[PDB]
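Chains as they are written, first to last, in PDB author numbering: chain A, -4 to 71, 78 to 231; chain A', -4 to 71, 78 to 231; chain B, 1914 to 1920; chain B', 1914 to 1920. A prime marks a further copy of an entry chain. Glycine is no exception: its CB is placed at the ideal position from the N, C-alpha and C atoms.
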Amino acid sequence: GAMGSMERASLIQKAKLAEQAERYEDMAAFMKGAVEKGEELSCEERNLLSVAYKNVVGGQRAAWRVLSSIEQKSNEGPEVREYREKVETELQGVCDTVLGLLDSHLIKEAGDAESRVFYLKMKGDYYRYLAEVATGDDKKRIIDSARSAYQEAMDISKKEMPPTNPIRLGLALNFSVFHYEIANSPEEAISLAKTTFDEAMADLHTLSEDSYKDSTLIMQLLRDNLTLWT
Amino acid sequence: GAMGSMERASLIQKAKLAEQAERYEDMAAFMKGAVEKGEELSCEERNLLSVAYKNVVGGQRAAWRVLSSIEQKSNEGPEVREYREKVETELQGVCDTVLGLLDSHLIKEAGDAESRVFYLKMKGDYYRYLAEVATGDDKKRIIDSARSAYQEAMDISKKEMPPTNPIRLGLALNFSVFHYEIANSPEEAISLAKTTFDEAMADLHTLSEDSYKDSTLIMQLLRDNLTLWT
Amino acid sequence: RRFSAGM
Amino acid sequence: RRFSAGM
Ligand SMILES: N=C(N)c1cc(-c2ccccc2)c(CNC(=O)c2cccc3c2OCC3)s1
Ligand SMILES: N=C(N)c1cc(-c2ccccc2)c(CNC(=O)c2cccc3c2OCC3)s1
Ligand SMILES: [Cl-]
Ligand SMILES: [Cl-]
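1. When every heavy atom of ligand 1 is checked, does at least one fall within less than 7 Å of the C-beta of residue 187/A'?
2. What residue range is occupied by the uninterrupted alpha helix (DSSP H) comprising residue 119/A'?
3. For the pair the region 42 to 53 of chain A' and the region 4 to 17 of chain A, tell me if three or more CB-CB distances fall below 8 Å.
4. Between residue 9/A' and ligand 3, is there a pair consisting of the residue's CB and a ligand heavy atom that are separated by less than 7 Å?
5. What is the C-beta distance between residue 207/A' and residue 173/A', in whole angstroms, given that I count them as a contact (C-beta under 8 Å)?
6. Whole angstroms are fine: how far does the CA of residue 44/A sit from the CA of residue 210/A?
7. Mind checking if residue 97/A' is an interface residue toward chain B', Cβ cutoff 8 Å exclusive?
8. From which residue to which residue does the alpha helix (DSSP H) around residue 101/A' run?
9. Measure the alpha-carbon distance for residue 114/A versus residue 53/A and round it to whole angstroms.
10. Could you tell me if the beta carbon of residue 42/A' falls within a distance shorter than 7 Å of some heavy atom in ligand 2?
11. What does residue 225/A' touch in chain B' if you count any residue whose Cβ is under 9 Å from its own?
12. For residue 125/A, is the classification buried or exposed, using 16 other Cβ atoms within 10 angstroms of its Cβ as the cut-off for buried?
13. Tell me where the alpha helix (DSSP H) around residue 1918/B begins and ends.
14. Using a threshold of 8 Å, state whether the C-beta atoms of residue 102/A and residue 134/A are closer than that.
15. Throw me the rounded Cβ distance for the residue 154/A and residue 109/A pair, which I believe falls under 8 Å.
16. Can you have a look at residue 89/A' and say buried or exposed, based on whether 16 or more other CB atoms are within 10 angstroms of its CB?
17. Just the Cα atoms here: how many angstroms apart are residue 15/A and residue 168/A'?
18. Going by C-alpha to C-alpha distance, which of 194/A, 171/A and 190/A sits closest to residue 1918/B?
19. Spatial neighbours of residue 186/A within its chain, please: CB distance less than 6 Å, with the 5 preceding and 5 following residues excluded, ordered by chain position.
20. For ligand 4, enumerate in chain order all residues having a CB closer than 5 Å to any of its heavy atoms.
21. Which term fits residue 41/A', buried or exposed, when burial requires 16 or more other beta carbons within 10 angstroms of its beta carbon?
22. Do residue 194/A and residue 177/A have their beta-carbon atoms positioned less than 8 Å apart in this structure?
23. Would you decide whether residue 222/A' is buried or exposed? Buried here means 16 or more other CB atoms lie within 10 Å of its CB.
24. How would you list, in chain order, the residues of chain A whose beta-carbon sits under 8 Å from the beta-carbon of residue 43/A'?
25. Drop a sphere of 10 angstroms on the beta-carbon of residue 231/A', count the other beta-carbons inside from all chains shown, and report buried for 16 or more, exposed for fewer.
26. For chain A', find out if any of its Cβ atoms is closer than 8 Å to the Cβ of residue 8/A; answer yes or no.
27. Which residues in the same chain have their Cβ closer than 7 Å to the Cβ of residue 58/A, if we skip the five residues on either side of it in sequence?
28. If residue 27/A and residue -2/A are in contact, beta carbons under 8 Å, what's the gap, nearest whole angstrom?
29. Suppose the cutoff is 6 Å on Cβ atoms and the five residues either side in sequence are ignored; what does the same chain contact list for residue 11/A look like?
30. Chain A beta carbons: is any one of them nearer than 8 Å to that of residue 15/A'?
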C-alpha cells in the first residue's frame, strides 16, 4: 500500500486535515492506510473512515444517477452508456475496497457492540450501494448480503444499545431506506422507521442535553422520511 | 495519452456529460484528450476546457489555502507541511499540464482574436495560480510570465474587440486581480477595473438584450471588486 | 430525496 | 473574497 511507509498517527492527523480541506479522496486513502496498519480503530477513527468513504462514494452515486437518467431518456451512439459504465465501475471499486477493509479484518476483531454494529452497518451500506447499480446474475445475492449485514447489526443493537443510541438510530434509518428502495418493501420501511422513532422518543428522558441533541437530530431524519413516504 | 484511442467527438460529448455529472477531473481528462488530437478548438470547446480545469484547480487552490492557514497558525510535527506540499505539488502539476497544452500547440495555432485572447488569458491565469504558491528562486519569473501573457492578451483585445466583449471583460477582471494580490499593485488593479467598467458601460447601448445580460454580469464582478478594494 | 444517515 | 472570471 502506498501508505505503508507512513506512521499510523500521521495518517490519522492527515485524514483530519484532508477533511478540513474537503479533500475526501485523500482522506479515504489516509484512513485506508490507517486501517491496514492492523490495529483496531477508535470511535473517532471509525467516524473518519465513514465520513471519508461516504463523501467519495456519494459523489460517484450522484454522478451515476445523473448519467443513468440521461441514458434512460436516450432509450425512450455508445458514449452515454460507456461513461455511465466508467463511473459505475469506479463506484463498484470503492465499494469493494470498503468491504475488503471490513472483511480484512475490522469486523472479526470488533467485539464491542459500538464497533461491531458500526462496521456491520457499513457493510450493509456498501452492499446497498452495490445493489443500487446492480442488474445481472448476482443482484439478488448482493441484496441479500446487504440485508444479512443490516440484520445482524440490528440484532446486536437491540440487545446491547439503548433505543436513542445514534449508531442504532442511523442503522435503523438506513435499513429502512434499504427496505423502501432496494427490497421493494415500503411497508417494512415505514414500520421500522415509526417503531424506531417511537422507541427513541420514549428514551429521550434518560439523556443529557448533548446526547438529546445527538439523538433528536437523527430522529428528525426518520420523521422526514415518514412524511415523504406517507 | 490514455485518451488517444477515443474519437475527438466522443471526448467532447463525454466532457459535456462529465460537466452535468459534476465530474470535473474526468471533464478535464476528456478535454485534454480532445486538445491532443491536434485540431483547433471551437468557442464552445474552449469553454469546456476552461470550465474543466477551473474546477479542478479551484478545488486544489481552496484546499491549499485551508492547509496554508493551518500551517501558518502552527508556526506562530511535519505532517501539516507535508500535506500542504502534497496538495501544492498536485496543483502545480495541473497548472503545468494546462500551460503545456497552451504551448503545445493551442496558442501558436490561434489566429483569431477571440481564440488568441482566450488562450493568452488562460496562460496568465495558470501562471497566476503558480504564483499564488510560489516562494523560491523562480517566483519573480513566474509573476512576470503571468504579466506578459495578460499584457499581450490586453493589447490584442483592445485593438480587436469591443469593450463589452465578455472575454475582454473577464481578462481585465483577472489582470486586475493579478495586480492587486500578486503584483502588490492595488492602485493599478483599481484603475484597470474602473476604466474597464466605464468603457463597457458606454458601449452597452450597441448590444442585444442577450449580449447586454452577458456583459453586465461580468461588469458586476468588476464593480464588486471595486467596492471591496475602496 | 429520502435521507440516509450519512446525509 | 474578490472575484475572478471563473467564479
Ligand atoms: N471528524 C469527524 N467528521 C468526526 C469526529 C467524531 C469524534 C468521535 C469521538 C471523539 C471525537 C470526535 C465524530 C463523532 N460523531 C458525529 O459527529 C456524529 C454523526 C452522526 C450522529 C452522531 C454523531 O455524534 C454522536 C451522534 S464525527
Ligand atoms: N458548457 C459550458 N459550461 C459552456 C458552453 C458554452 C457555449 C459556447 C458557444 C456555443 C455553445 C455553448 C459556454 C459559453 N460561454 C458562457 O457560458 C460564458 C461565461 C462567461 C461569460 C460569458 C459567457 O457567454 C458569453 C459571456 S459555457
Ligand atoms: Cl468513458
Ligand atoms: Cl502527505
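So, to answer that:
1. Residue 187/A' Cβ: outside cutoff for every heavy atom of ligand 1.
2. 114 to 134
3. Counting Cβ pairs under 8 Å, fewer than three are found: no touch.
4. yes
5. Between residue 173/A' and residue 207/A' the Cβ distance is about 18 Å, and since that is not below 8 Å, they are no contact.
6. 27 Å
7. Taking CB atoms only, residue 97/A' has no neighbour in chain B' less than 8 Å away.
8. 80 to 102
9. 27 Å
10. Yes, ligand 2 has a heavy atom inside 7 Å of this Cβ.
11. 1915 and 1916
12. A residue is called buried once 16 or more other Cβ atoms fall within 10 Å of its Cβ, and residue 125/A is buried on that count.
13. Segment: none, residue 1918/B is in no alpha helix (DSSP H) and carries neither H nor E.
14. no
15. Rounded, the Cβ-Cβ distance is 15 Å, inconsistent with contact.
16. buried
17. Between residue 15/A and residue 168/A', the C-alpha separation is close to 34 Å.
18. 171/A
19. 180
20. 83/A', 84/A' and 87/A'
21. Answer is buried; the Cβ neighbour count reaches 16.
22. Yes, Cβ-Cβ distance for residue 177/A and residue 194/A is below 8 Å.
23. buried
24. Within chain A, no residue comes near residue 43/A'; the closest Cβ sits about 15 Å away, beyond 8 Å.
25. exposed
26. Closer than 8 Å to the CB of residue 8/A there is at least one CB belonging to chain A'.
27. The residues are 88.
28. 7 Å
29. So no residue of the chain qualifies.
30. At least one chain A Cβ lies under 8 Å of residue 15/A'.
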